[PDB]
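Notes follow once the structure below has been shown.
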Amino acid sequence: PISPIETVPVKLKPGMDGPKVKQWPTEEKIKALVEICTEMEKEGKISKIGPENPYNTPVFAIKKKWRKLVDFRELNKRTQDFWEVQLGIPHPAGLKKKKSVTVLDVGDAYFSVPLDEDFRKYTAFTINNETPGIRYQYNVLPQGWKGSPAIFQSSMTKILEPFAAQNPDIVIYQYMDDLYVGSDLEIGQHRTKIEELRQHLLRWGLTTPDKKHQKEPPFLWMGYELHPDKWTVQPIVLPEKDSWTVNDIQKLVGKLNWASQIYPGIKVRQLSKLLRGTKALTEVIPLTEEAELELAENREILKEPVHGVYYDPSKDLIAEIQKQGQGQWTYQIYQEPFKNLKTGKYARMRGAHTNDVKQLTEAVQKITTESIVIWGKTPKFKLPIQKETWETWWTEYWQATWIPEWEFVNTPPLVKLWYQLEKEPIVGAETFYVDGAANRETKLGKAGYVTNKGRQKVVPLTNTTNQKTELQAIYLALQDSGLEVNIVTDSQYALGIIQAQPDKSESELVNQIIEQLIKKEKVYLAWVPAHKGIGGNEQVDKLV
Amino acid sequence: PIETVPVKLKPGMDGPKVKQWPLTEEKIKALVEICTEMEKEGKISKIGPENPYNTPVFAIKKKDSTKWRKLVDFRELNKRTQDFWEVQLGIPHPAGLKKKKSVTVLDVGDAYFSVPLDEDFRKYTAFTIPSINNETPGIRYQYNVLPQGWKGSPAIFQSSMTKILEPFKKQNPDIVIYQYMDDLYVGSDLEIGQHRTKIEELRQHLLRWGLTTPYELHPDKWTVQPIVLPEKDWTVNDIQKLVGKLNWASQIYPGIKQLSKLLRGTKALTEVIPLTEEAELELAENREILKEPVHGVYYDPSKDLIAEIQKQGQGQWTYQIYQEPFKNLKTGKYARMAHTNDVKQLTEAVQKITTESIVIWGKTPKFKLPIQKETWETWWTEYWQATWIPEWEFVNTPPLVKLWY
Ligand SMILES: N#Cc1cc2c(Oc3ccccc3OCCC(=O)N3CCOCC3)cccn2c1
Ligand SMILES: [Mg+2]
């Protein structure tokens, strides 16, 4: 089943030569080898060579009937690079429904394409009983070789170029050694077009499934189940273990991600927090309380199976984002109210302090990208956030951002702004001057304030850093204050954290400062140069 | 026709392997129309899997039209060849173009399609039209003719350019002409309408020698813009931001410092405070020190140009071009006039800024963009109306500087 296709020229990486890795004695294997060698020579796929000082690459033999294997590792290191075959995969949520869909698989797919002539010498393998060294040399794409997946895909593509213009009403997808064909014409017309193509391929050299088209749905494809009108993930088994290892928690959070695309509501936040001890691979990591709960809620979701629908270009694309908590959000993309196209989650915090609108802006983003890769368009967004909420956020956000057309949906928890600082100081409300410090050496510190009304405080702080104190200093001035406070700090650091207005943070102190800020009713933070004697600050800097 | 100028790569350097950005379906279909015509005109050819290079392709709109254009991000292939093709064939920068009272910019990149591109170099121009949902690996082309956007394309055509300009250049000894990439920058001191005729002259001259061409500037208004101290009829908080900005400014312009005194002791914030002689004296002394620029600030042609932008609210943005922190070559503001998406404003801002850079120094800057990386890598192709693309990256952390500018 060799082919008349044009070969693709192949070069070695410049200034490299072809491999020379001598082999070494397997009487039963050495025999099996001879059997495959001639039975493959008869098909022209390899040819004997007269040792004219050519190269060499190893070769082995293993029973599954026997089978032949070649170690091309030293040759792939020397041949040029090719175009990347398929870095990604078609997501089923983006396929278009077809009445009938036929799955064909081409056997000997690599052995049915010719390999370039000037590049044939570098494939010389040899099969101590003073072995006569029956020197061979490939003539088709050798299996394992660096250039086979790319070249075969190109040959296959050209071999198909006549047929796809003759029958433009059918659709073929290429994927490695498979062809997936799907038409909307009659199931009798289908079996016919299939039979045409199989015979066309075979006029080039490509054998195809005999028993009809063979594969009958549902299709087990790349960890999916493709049903003639439904798609869903292949089934998932979350282990039950007394101890958990890094290998086990990554395999778990792989499986949980794999399921997030169609099982709504998955969470993997507190599970992957465990992986920050990524130091080893077999190191036991004790689960946490939030983790063991999370994995329990994930079990509850999977117990009943849910499925996905296919794409219909004539129907609009829609996206809904709902808040889960602890910096976790789920989305669903659908055309129809009950039929999901797919789902997924967004939890990344992009730092240690984030707010709800920002995390929702980031989420929309992840969806826009995903929508564009998958369906080639961007969806209409349905968003639990008022217009009044978002407008005021991005008008005052220091970053630029692009907020697509969206429709408000009231289905709580709506996203909100739990507090706004003032932009201007509060009249006649108390103005605390704050500062704090901590001898890094002593790792000890103090947080104090000094107000206009004459109040002064200093609290001792143990096991702190100069940064962590100047946030306690703000904390203090909040918890010792009326509902309208003007706080004033020298700390560029703590000013920065606050002015972003985080509603959620992974600092205990900063969550406490958030809570107080919610309770207050007019806070206004202002900033003045540190150790610049601005008056008052010199006081909070004398104490502390 | 012409002989393929021998193009080489800066030695020990391999070609670009940039990944293609995924595209909307509108944009793909436009790149598939466009390349189907460019393949009929033989300008680009389909290519095999033995070509591993790729550079990205985008789809933008020309000036305002319903015409889809194509844009190619030769930024990697540029850094790898042209840094050697800008010495072996470099086009020098006129350093007076910034002086001329008017500048107009002309799109001459239709010229390059006449010249064949070196046979052995074509492989490095590969691009890929992506499919939707990885349905197919893309359609793969390489260029057969000088590709616009590559920086060796104006360099090769340099000879033919000066020929076509030599009549017009000699009849007008007072007109500056700079070709950066696929653009002519024509500067003069005429009043506008005559500057416009002398343009249409040059337009019509170039058009009748075979070069077809489809932005009025004024670089004598541009100045490093100084620091405004507010004019208020003053609370304790106002004197704070006053001490705060003044302290930051004192880090660059030596001079201007006692004001604090007028706030000695733990005042309340909203306590309206009077104005002291020595304080007003300071304030006046500071205000003059500001108006007066500084010294030490010299362009270094070895050093990259770094541009920072801050969003200032209500459509105002501000920028600083520099190469050494606090040593600021150019400084400016920006504000469009409606349907002004925050990102459109940044796109227009960035495009404006790089032109000022092309005009002054003849190199584009690298941008520190106040925007999320993936948000930019999505809606940048929308308002982009330029043949070139600056380098960029994404900053996340401006503390107080929004006020300070
Ligand atoms: N095994 C396997 C396999 C099958 C497919 C596959 O089917 C199609 C082929 C051509 C055109 C439309 C095709 O789907 C259209 C959608 C559709 O109605 N479906 C019904 C069940 O079958 C799978 C999908 C596409 C991609 C990868 N595939 C992998
Ligand atoms: Mg201090």
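Here, A, B, ... name the chains of the structure tokens in the order displayed, residue numbers run from 1 inside each chain, and ligands are numbered from 1 in the same displayed order.
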
- [ ] Specify as an NGL selection string all residues of chain B found within 8 Å of chain A, counting only C-alpha atoms.
- [x] :B and (22-25 or 48-53 or 132-137 or 237 or 240-241 or 243-244 or 247 or 260-261 or 263-270 or 310-314 or 341-343 or 346 or 370-372 or 374-375 or 378 or 396 or 399)

Show me which residues sit within 6 Å of ligand 2 when counting only C-alpha atoms and all ligand atoms, and put them as a PDB file with N, CA and C atoms, in the first residue's frame.
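Full text of pocket-v4.pdb as output:
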ATOM      1  N   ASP A 435       0.849  55.530  62.171  1.00  0.00           N
ATOM      2  CA  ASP A 435       2.081  54.938  61.684  1.00  0.00           C
ATOM      3  C   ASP A 435       2.366  53.702  62.512  1.00  0.00           C
ATOM      4  N   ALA A 530       6.741  60.160  54.041  1.00  0.00           N
ATOM      5  CA  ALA A 530       7.261  59.647  55.302  1.00  0.00           C
ATOM      6  C   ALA A 530       8.455  60.474  55.762  1.00  0.00           C
ATOM      7  N   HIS A 531       8.597  60.621  57.084  1.00  0.00           N
ATOM      8  CA  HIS A 531       9.714  61.344  57.718  1.00  0.00           C
ATOM      9  C   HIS A 531      10.000  62.682  57.033  1.00  0.00           C
ATOM     10  N   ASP A 541       5.252  59.319  64.419  1.00  0.00           N
ATOM     11  CA  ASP A 541       6.593  58.746  64.139  1.00  0.00           C
ATOM     12  C   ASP A 541       7.527  58.863  65.339  1.00  0.00           C
TER      13      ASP A 541
END

Task: Polymer residues at most 12 Å from region 161-170 of chain B, only C-alpha atoms, same-chain spacing of 3 or more positions, as number ranges by chain - done: B: 91, 108-109, 111-112, 153-158, 173-180, 182-184, 186, 198-211

Hey, which bits of chain A sit within 6 Å of ligand 1, and for each residue what's the closest pair of atoms and how far apart in Å (one decimal), counting only C-alpha atoms and all ligand atoms, rows by chain and increasing number, as a Markdown table?
| residue | atom | partner | partner_atom_place_in_ligand_line | distance |
| --- | --- | --- | --- | --- |
| A:95 | CA | ligand 1 | 16 (C) | 4.9 |
| A:96 | CA | ligand 1 | 16 (C) | 4.7 |
| A:97 | CA | ligand 1 | 18 (O) | 3.4 |
| A:98 | CA | ligand 1 | 18 (O) | 4.1 |
| A:101 | CA | ligand 1 | 8 (C) | 5.5 |
| A:103 | CA | ligand 1 | 1 (N) | 5.8 |
| A:171 | CA | ligand 1 | 11 (C) | 5.0 |
| A:172 | CA | ligand 1 | 10 (C) | 5.0 |
| A:173 | CA | ligand 1 | 10 (C) | 5.6 |
| A:180 | CA | ligand 1 | 9 (C) | 4.2 |
| A:181 | CA | ligand 1 | 10 (C) | 4.2 |
| A:182 | CA | ligand 1 | 10 (C) | 3.9 |
| A:219 | CA | ligand 1 | 1 (N) | 4.7 |
| A:220 | CA | ligand 1 | 1 (N) | 5.9 |
| A:221 | CA | ligand 1 | 1 (N) | 4.8 |
| A:226 | CA | ligand 1 | 23 (C) | 4.8 |
| A:227 | CA | ligand 1 | 21 (C) | 4.7 |
| A:228 | CA | ligand 1 | 20 (C) | 3.6 |
| A:229 | CA | ligand 1 | 20 (C) | 5.5 |

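Of the listed residues A:224, A:245, A:298, A:190, the one whose atoms come nearest to residue 282 (chain A) is A:245, with distances taken using only C-alpha atoms.
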
Task: Within 12 Å of residue 477 (chain A) using only C-alpha atoms, minus same-chain residues under 4 positions, as a VMD selection string - done: chain A and resid 430 to 436 447 to 451 455 to 459 470 to 473 481 to 489 513 516 to 517 520 523 to 525 540

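Each of B:192, B:47, B:31, B:395 was compared to residue 373 (chain B) using only C-alpha atoms, and B:395 turns out to be the nearest.
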
Task: Between CA of residue 98 (chain B) and CA of residue 81 (chain B) - distance in Å to one decimal - done: 28.8 Å

Task: Interatomic distance, CA of residue 282 (chain B) to CA of residue 258 (chain B) (Å, one decimal) - done: 8.0 Å

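Minimum atom-to-atom distances from A:277, A:254, A:1, A:205 to residue 42 (chain A) were compared using only C-alpha atoms, and the lowest value belongs to A:1.
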
Would you list, as a compact mmCIF listing (two decimals) with N, CA and C atoms, in the first residue's frame, the residues of region 464-535 of chain A that end up in strand (DSSP E or B) under DSSP run on this structure's backbone?
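Everything below was put into states04.txt:
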# COMPACT_ATOMS: atom_id res chain seq x y z
N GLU A 484 -17.36 58.01 60.42
CA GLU A 484 -16.68 58.84 59.43
C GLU A 484 -15.28 59.15 59.96
N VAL A 485 -14.27 58.58 59.33
CA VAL A 485 -12.90 58.72 59.78
C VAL A 485 -12.06 59.16 58.60
N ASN A 486 -11.12 60.08 58.86
CA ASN A 486 -10.05 60.47 57.94
C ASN A 486 -8.77 59.84 58.48
N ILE A 487 -8.30 58.78 57.85
CA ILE A 487 -7.05 58.16 58.25
C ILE A 487 -5.95 58.73 57.37
N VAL A 488 -4.73 58.80 57.90
CA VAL A 488 -3.61 59.40 57.17
C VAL A 488 -2.31 58.67 57.51
N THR A 489 -1.66 58.10 56.48
CA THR A 489 -0.51 57.21 56.64
C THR A 489 0.66 57.69 55.78
N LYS A 504 -11.92 40.94 48.99
CA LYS A 504 -11.52 39.58 49.30
C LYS A 504 -10.00 39.54 49.31
N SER A 505 -9.40 39.02 50.37
CA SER A 505 -7.96 38.88 50.38
C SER A 505 -7.54 37.70 51.22
N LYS A 522 -18.00 56.63 56.05
CA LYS A 522 -17.21 57.53 55.22
C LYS A 522 -15.77 57.39 55.69
N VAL A 523 -15.00 56.60 54.98
CA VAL A 523 -13.58 56.61 55.24
C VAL A 523 -12.94 57.40 54.13
N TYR A 524 -11.84 58.07 54.45
CA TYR A 524 -11.02 58.74 53.45
C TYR A 524 -9.57 58.61 53.87
N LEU A 525 -8.80 57.89 53.08
CA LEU A 525 -7.38 57.72 53.33
C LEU A 525 -6.61 58.73 52.50
N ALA A 526 -5.70 59.45 53.14
CA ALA A 526 -4.80 60.35 52.46
C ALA A 526 -3.37 59.97 52.82
N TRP A 527 -2.44 60.45 52.01
CA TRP A 527 -1.06 60.01 52.11
C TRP A 527 -0.15 61.23 52.16

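When only C-alpha atoms are used to compute distances to residue 464 (chain A), the closest of the residues A:27, A:441, A:292, A:178 turns out to be A:441.
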
- [ ] Within 9 Å of residue 33 (chain A), counting only C-alpha atoms, which residues show up once you throw out same-chain ones fewer than 6 positions away? Write them as a VMD selection string, please.
- [x] chain A and resid 60 to 61 66 to 68 127

TODO: Would you please give, as number ranges by chain, all residues of region 71-313 of chain B that DSSP assigns to helix (DSSP H, G or I) based on the backbone?
DONE: B: 75-85, 111-114, 122-125, 132-134, 152-156, 158-171, 192-208, 236-249, 259-263, 277-291

Task: Distance query residue 468 (chain A) at most 12 Å, only C-alpha atoms, self and fewer than 5 positions along chain excluded, as JSON, numbers by chain - done: {"A": [435, 436, 437, 438, 439, 440, 443, 444, 445, 446, 447, 461, 462, 463, 473, 474, 475, 491, 493, 494, 497, 507, 508, 509, 510, 513]}
